[PDB]
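These notes concern the structure reproduced below.
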Amino acid sequence: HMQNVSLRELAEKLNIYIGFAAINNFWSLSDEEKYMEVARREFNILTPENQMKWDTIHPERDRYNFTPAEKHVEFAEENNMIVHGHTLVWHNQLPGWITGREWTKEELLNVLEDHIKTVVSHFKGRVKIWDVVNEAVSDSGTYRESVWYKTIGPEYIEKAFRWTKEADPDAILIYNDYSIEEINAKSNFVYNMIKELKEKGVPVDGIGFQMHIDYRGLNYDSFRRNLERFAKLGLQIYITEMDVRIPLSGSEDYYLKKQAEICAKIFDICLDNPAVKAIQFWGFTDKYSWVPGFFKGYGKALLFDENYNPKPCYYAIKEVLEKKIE
C-alpha cells in the first residue's frame, strides 16, 4: 500500500501498458518540470508525437537527425517506459526533397527502404512497437492515393513491413489508422488488407486503432466485434492515439460526464479482450493537444485539464482498472 495508485501501476497489474504521446521538445517547455512529472508518475509507454516523423528525422535526402528522438527515448528509458515509434510510412508532412520532385517506382522504393532500414536499425532493440504504415486507406475504403501509392502501387505496404522486420526482428510491427474502430467500409478494407498480407507471410504483428473519437462515443457492439475479428487474424491490438473531443461551447459538466462514460466503456471492452496490449492517449493534458487546431470548435479531449488536475474521465478509467484487478 503505496499512497498513490497510478495508471501505470494498475496497468502493470493487468500486464498492459497505458501511456501518451509526447509533445515536441517537451524537455524545454516553460512547464517542462510539471509535464515530465505527471508523465513519469502516470504512464509506462511513450510515443513521440512528431519527432520520429520524416520531416524531423530525415530532413534532407542524405541527412539524418536522431537528436530529438533520442531525447524522447532517453526520457522513456529513465522512467521505465517502453517506446512506441511513430511512424515510418505516412502521406503527410513529408519533406520537400520528397514532395518537390517526380519519382519513379524503382527510385522511390529505394528511398523508402533506406529510410526504414536507417531509422529502424538506429533504434534497434530500444523501440518495442513501430507504427510501420499509418493511414494507407482512404475514407471510402480504397487505397489512399499518397506519393507512395501513386508511384509504387500497393506493394509499398508489404515491402515496408518486410524491411522493418529485417532491420529489427524483435519489434512489434503494426498498421495504424483512424475511424476503423467499428465494423464499416474502412475497417473492412483494412481487415482484408491485413488478412492478405499475413497469408503472404508479411510480418504484420498488430493493429493500431487511433481512437480519435468524440462525445457521441462509438457503437460499442460493433467495436467489440471488430476487435474480435482482428484478434482472430493473430494480431495484437493497440489503442494508439485516444482522445475524446467535446464542444467548447456550453455545458462543460455535461460533456465531461459523457467523456468519462465513454472512456470507462472503451476501457471495459479493451480489458475484456486479451489481444489489446496497450491503451495510449494522444497527449494527456488539455494544455497540449492537437484537437483544438485540427477539429475546429472542439477540445478538452484528454485526461488532465490545463492546470494538470485530473478530469472526471481520469477517475472513471482508474475505477475501471481497479475493479478489473479486484
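Return the pairs, sorted by first residue and then second, in which the second residue is not in a loop (DSSP other than H, G, I, E, B), the first residue lies in region 126-141 and is among the small types (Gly, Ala, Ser), the beta carbons are less than 7 Å apart, and the residues are 6+ apart or on different chains.
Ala136/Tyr143; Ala136/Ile157; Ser140/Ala185; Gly141/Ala185; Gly141/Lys186; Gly141/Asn188; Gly141/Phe189
Which residues, counting only those in region 38-82, are under 23 Å from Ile16 (Cβ atoms) and of a type in the set (D, E, K, R)? Please lay out each step first, then the result.
First, pick out the residues of region 38-82 that are under 23 Å from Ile16 (Cβ atoms): 38-49, 52, 72-73, 75-82.
Listed by number, the residues that qualify are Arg40, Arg41, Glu42, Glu49, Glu77, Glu78.
Being farther than 10 Å from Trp54 by Cβ and surrounded by 13 or more Cβ atoms within 10 Å (Cβ to Cβ) is the filter here; which residues of region 85-104 pass it? Steps first, please.
Start the filter on region 85-104 by keeping residues that are farther than 10 Å from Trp54 by Cβ, which leaves 85-86, 91, 96, 99-104.
Passing the criteria: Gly85, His86, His91, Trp103.
Which one is surrounded by the fewest Cβ atoms within 10 Å (Cβ to Cβ), of the residues in region 1-39 that are closer than 16 Å to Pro310 by Cα, of a type in the set (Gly, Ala, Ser) and out of contact with any helix residue (DSSP H, G or I) (no Cβ under 6 Å at 6 or more places or on another chain)?
Among those that are closer than 16 Å to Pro310 by Cα, of a type in the set (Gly, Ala, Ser) and out of contact with any helix residue (DSSP H, G or I) (no Cβ under 6 Å at 6 or more places or on another chain), it is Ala39.
Yes or no: region 45-54 includes at least one residue that is without any contact (Cβ under 8 Å) to a residue 24 or more places away in the chain and either surrounded by fewer than 22 Cβ atoms within 10 Å (Cβ to Cβ) or among the β-branched types (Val, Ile, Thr) (or both). I'd like the intermediate steps shown before the answer.
In the first step, residues of region 45-54 are kept if they are without any contact (Cβ under 8 Å) to a residue 24 or more places away in the chain; the result is none.
There is no residue in region 45-54 that is without any contact (Cβ under 8 Å) to a residue 24 or more places away in the chain and either surrounded by fewer than 22 Cβ atoms within 10 Å (Cβ to Cβ) or among the β-branched types (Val, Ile, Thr) (or both).
Can you find, within region 288-323, the residue that is nearest to the chain's Cα centre (by Cα) among those that are of a type outside the set (A, V, I, L, M, F, W, C), surrounded by 16 or more Cβ atoms within 10 Å (Cβ to Cβ) and over 15 Å from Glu42 (Cβ atoms)?
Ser289
Among the residues of region 202-225, what is the count of those that are within 23 Å of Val291 (Cα to Cα) and either under 20 Å from the mean Cα position of the chain (by Cα) or buried (at least 17 other Cβ atoms within 10 Å of the Cβ) (or both)?
12
Could you say which residue among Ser187, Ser179 is part of a helix (DSSP H, G or I), of a type outside the set (D, E, K, R) and in contact with a helix residue (DSSP H, G or I) (Cβ under 6 Å, 6 or more places away or on another chain)?
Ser187
So, of the residues in region 189-232 that are in contact with a strand residue (DSSP E or B) (Cβ under 6 Å, 6 or more places away or on another chain) and of a type in the set (D, E, K, R), which turns out to be farthest from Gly283 (Cα to Cα)?
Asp205
When you scan region 159-169, do you find a residue that is aliphatic (A, V, I, L, M), closer than 19 Å to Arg225 by Cβ and either touching a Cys at 6+ places or on another chain (Cβ under 8 Å) or buried (at least 19 other Cβ atoms within 10 Å of the Cβ) (or both), even just one?
No.
Neighbour counts are summed over all protein chains in view; Cβ atoms, including those assigned to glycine, are modelled from backbone coordinates with ideal geometry. Here, each number is a calculation from the coordinates, and none is a lab measurement.
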